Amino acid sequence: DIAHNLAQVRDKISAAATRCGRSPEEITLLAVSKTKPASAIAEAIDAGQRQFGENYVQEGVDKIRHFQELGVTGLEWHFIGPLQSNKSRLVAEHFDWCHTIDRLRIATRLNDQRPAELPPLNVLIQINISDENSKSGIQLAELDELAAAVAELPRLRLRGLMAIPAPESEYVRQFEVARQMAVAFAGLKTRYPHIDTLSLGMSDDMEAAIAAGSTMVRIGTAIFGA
């Protein structure tokens, strides 16, 4: 039951926030609906969920159109998969957020392809904080430079950072890696305007991520099923 699952996940987020002295409202639940049908997203919407994350462009855009045409309003769609230049127009025309900016050229493409009547596309810079097996994300040493360049693009709005840490079973290392991201996030916050989003944490490291300073957790299977 998606409604029951959503409630359970929200309770876990709230508990984790309250335990470490944070307000539950500080944490956004991003429901990750990749590979799940529109009907499952519709159940989540009926249960009050408004923020959805998609990883594949055409799948995501088809869903966005489906709910637009149904006359559902108030939804927020986040693109959280790797972006390729040949699919960027679709992201720029339909999504509200993109978490996966890891090079300047793709940001400039999105900027140039974003219609002026839409709000600026909210973007996060993706850091490869700990994953030797991933080619997504920049090194922290490259952040100052990329952030400055992306920040000038008028049809984007730089809102913070994202990371997908390497899988980690130890809580200590979950927390330590998440803190590296929180420190970088805090640093950006001190000089850049409207830095308020740290997209960090999934089901298995949710508590460590929240304790470290995440503002947004990305949950799929625990809401929608395997």
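The numbering used is simple: start at 1 and walk along the sequence shown.
K.L.:
I need to verify one thing: averaged over C-alpha atoms only, is the B-factor higher for 51 to 59 or for 65 to 73?
P.N.:
Taking the mean B-factor of the alpha carbons in each, 65 to 73 is higher.
K.L.:
Using the B-factors recorded in the PDB entry, average over the C-alpha atoms of 157 to 165 and of 183 to 191, then report which stretch comes out higher.
P.N.:
That would be 183 to 191.
K.L.:
Once the chain's modelled residues are ordered by C-alpha B factor and cut into thirds, is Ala151 in the lowest, middle or highest one?
P.N.:
Its C-alpha B-factor belongs to the middle third of this chain's values.
K.L.:
Comparing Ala42 with the other modelled residues of its chain, is its CA B-factor in the lowest, middle or highest third?
P.N.:
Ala42: CA B-factor falls in the middle third of its chain.
K.L.:
Relative to the other modelled residues in the chain, which third contains the C-alpha temperature factor of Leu121: lowest, middle or highest?
P.N.:
It falls in the bottom third of the chain.
K.L.:
Against its chain's modelled residues, does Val32's Cα B factor rank lowest, middle or highest third?
P.N.:
Its C-alpha B-factor belongs to the lowest third of this chain's values.
K.L.:
Sorting the chain's modelled residues by C-alpha B-factor, tell me whether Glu132 ends up in the lowest, middle or highest third.
P.N.:
As the PDB entry reports it, the C-alpha B-factor of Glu132 lands in the highest third of its chain.
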